[PDB]
């Protein structure tokens, strides 16, 4: 896999199965999968930061990002490509050096520009054919972890080294 300086990810439909839980009082939930915490683990193990880009804006996601020590969080993003370009500029890198995973229409422009594009198996067909690697997992099933492990070429030897 090519040199990656930054891993970027959408939330809904990647870190979740797209589920948005509403109650009667104005509260909202998302269901994350702890498996995806290993995606952050491996990225940080390899010295690579992770950022979240989302068009939603919730305290749900601020708290999850905090729990997992995610390096960057941008919410209420209207243009994910622009947001990614701004973060690349912030860090002194280019989009070819970015791996991005997303699942829907508002991810497409960014997916087409990054060094490595990932799309979960659960995403719409139009979006899946933008993926530059095959991801078997669906949103919420640990597909962010799957993406990171493929992008970084994590193998049995890496595993053996971290469980010493």
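Positions refer to the first chain, counted from 1.
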Once you work out the mean C-alpha B-factor for both 28 to 36 and 123 to 131 from the entry, which is higher?
123 to 131
Assert higher mean C-alpha B factor (2 to 10 or 155 to 163, deposited values) equals 155 to 163
Using the entry's values, work out which of 138, 57, 113, 64 has the largest Cα B factor.
113
Lowest, middle or highest third of the chain for the C-alpha temperature factor of residue 101?
lowest
Chain thirds of CA B-factor: placement of residue 95
highest
Based on the entry's values, in what third of the chain does the Cα temperature factor of residue 53 lie: lowest, middle or highest?
lowest
